[PDB]
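Numbers here are sequence positions counted from 1.
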Amino acid sequence: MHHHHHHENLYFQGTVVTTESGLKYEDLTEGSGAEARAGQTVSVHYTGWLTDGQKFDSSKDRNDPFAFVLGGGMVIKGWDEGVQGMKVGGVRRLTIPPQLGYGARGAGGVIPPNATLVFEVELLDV
Ligand SMILES: O=C(NCc1cccnc1)[C@H](Cc1ccc(F)cc1)NC(=O)[C@@H]1CCCCN1S(=O)(=O)Cc1ccc(F)cc1
């Protein structure tokens with residue numbers, strides 16, 4: 001029988017994980033609550049930037065939070081992969097390569113073709 005070892009949970013400080021897809025992430029704060037898993041409707045706060053510091057979007061007050069079905073293709077691939085394994089209360093920084101973001105199409109004329117994206121995401125509910 002396989003057992004989980006919780007390495008990334010125990011030694012998260014200053015740790016940048018690079019996955020087989022090429023996505024990179026770092027837990028800035030480890031969450032205390034439940035774990036995000038595929039199939040769940042999750043709610044989050046977020047800020048997105050280009051590598052050079054230009055902000056392109058944020059979960060501003062309004063009536064947010066932002067919510068989506070994990071693993072269901074409602075968002076960019078780096079988010080469907082990156083949010084899985086976060087715990088409620090956690091803040092996670094995602095560095096997303098263009099293939100896991102908007103690729104060569106870009107978005108709205110604000111995010112250019114072939115852009116790497118940086119996001120800081122806070123998990124509120126699962
Ligand atoms: O595109 C989406 N899904 C389609 C899809 C599915 C599979 C693969 N590829 C695409 C969603 C839905 C959305 C579209 C447009 C919006 F304006 C707002 C939401 N978005 C996102 O996935 C990311 C990540 C989660 C927070 C929102 N953003 S985001 O901040 O980058 C958007 C943005 C981009 C450029 C801007 F100038 C401003 C906002």
Side-chain angles (χ1 to χ4, degrees):
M1 166 82 163
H2 182 257
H3 321 266
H4 295 336
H5 300 113
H6 316 104
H7 174 94
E8 171 53 19
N9 304 300
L10 290 194
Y11 311 114
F12 80 92
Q13 196 54 245
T15 307
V16 180
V17 176
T18 301
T19 74
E20 295 175 359
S21 68
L23 171 76
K24 288 185 200 286
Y25 71 79
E26 161 182 17
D27 284 321
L28 314 179
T29 88
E30 184 88 3
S32 301
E35 175 168 345
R37 307 163 227 216
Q40 293 172 339
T41 301
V42 300
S43 304
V44 309
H45 275 157
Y46 72 93
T47 307
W49 307 265
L50 264 29
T51 49
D52 67 19
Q54 176 180 348
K55 180 176 57 160
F56 56 74
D57 203 18
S58 175
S59 64
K60 74 279 124 265
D61 318 334
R62 208 33 132 21
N63 333 286
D64 77 336
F66 180 79
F68 67 105
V69 177
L70 205 43
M74 297 184 74
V75 295
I76 58 177
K77 293 163 155 197
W79 269 56
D80 265 345
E81 175 178 8
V83 175
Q84 291 188 40
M86 284 188 71
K87 283 173 170 171
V88 175
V91 183
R92 176 175 282 182
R93 182 151 59 218
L94 305 173
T95 305
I96 303 149
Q99 336 88 47
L100 295 181
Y102 288 108
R105 308 193 300 329
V110 182
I111 289 174
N114 322 135
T116 299
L117 310 176
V118 174
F119 290 85
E120 275 171 27
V121 180
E122 181 195 1
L123 183 60
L124 298 157
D125 195 65
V126 286

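Residues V126 and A34 approach most closely at CG2-CB, 3.7 Å, considering heavy atoms. Across every non-hydrogen atom of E30 and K87, the tightest pair is OE2-CD, 4.2 Å. Taking all atoms of both residues into account, the shortest heavy-atom contact from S21 to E81 is OG-OE1, 2.8 Å. Across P65 and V44, no two heavy atoms sit closer than the pair CB-O, 3.5 Å. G89 and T29 make their closest contact through O-OG1, 3.6 Å (heavy atoms, listed as atom of the first residue, atom of the second, distance). Of all the heavy atoms in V110 and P112, the pair that sits closest is O-CD, 3.6 Å.
Atom NZ in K55 sits 6.0 Å away from atom OG1 in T47 (nearest 0.5 Å). Remark: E26 CD to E8 CD distance equals 9.0 Å, nearest 0.5 Å.
Between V75 and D80 there is a side-chain heavy-atom pair separated by less than 4.5 Å. Looking at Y25 and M86, their side chains never come closer than 4.5 Å, going by heavy atoms from C-beta outward. Put simply, the side chain of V91 does not reach to within 4.5 Å of the side chain of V121, judged on heavy atoms. You'll find the side chain of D27 stays beyond 4.5 Å of the side chain of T15, heavy atoms only. Between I96 and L23, the closest side-chain pair of non-hydrogen atoms falls below 4.5 Å. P98 is listed as a side-chain neighbour of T116, based on a closest heavy-atom distance under 4.5 Å. The closest side-chain heavy-atom distance from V118 to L94 is not below 4.5 Å.
Relative ring orientation between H4 and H6 is described as perpendicular, the plane-to-plane angle rising above 60° on a 0-90° scale split at 30° and 60°.
Exactly one of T95, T19, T18 qualifies for a side chain to side chain donor-acceptor pair (under 3.5 Å) with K24. That residue is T18. Screening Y102, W49, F119 against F56 for a ring-ring contact (aromatic ring centres under 6.0 Å, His included) leaves a single residue, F119.
Both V17 and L123 belong to a single network of hydrophobic side chains, linked directly or stepwise wherever heavy atoms of I, L, V, M, F, W or Y lie under 4.5 Å apart. Linking ILVMFWY side-chain heavy atoms closer than 4.5 Å, directly or via other members, places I76 and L50 in a single hydrophobic cluster. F12 and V83 are members of different hydrophobic clusters when ILVMFWY side chains are connected at heavy-atom separations under 4.5 Å.
A donor-acceptor contact shorter than 3.5 Å is absent between the side chain of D57 and the backbone of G48. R93 contributes no side-chain N or O that, together with a main-chain N or O of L28, makes up a donor-acceptor pair within less than 3.5 Å. In this structure, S58 contributes its side chain and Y46 its backbone to a donor-acceptor pair below 3.5 Å. Remark: the backbone N or O of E35 is paired with a side-chain donor or acceptor of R37 at under 3.5 angstrom.
Atom NZ of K60 is surrounded by more than 12 heavy atoms from other residues, nucleotides or ligands within 6.0 Å.
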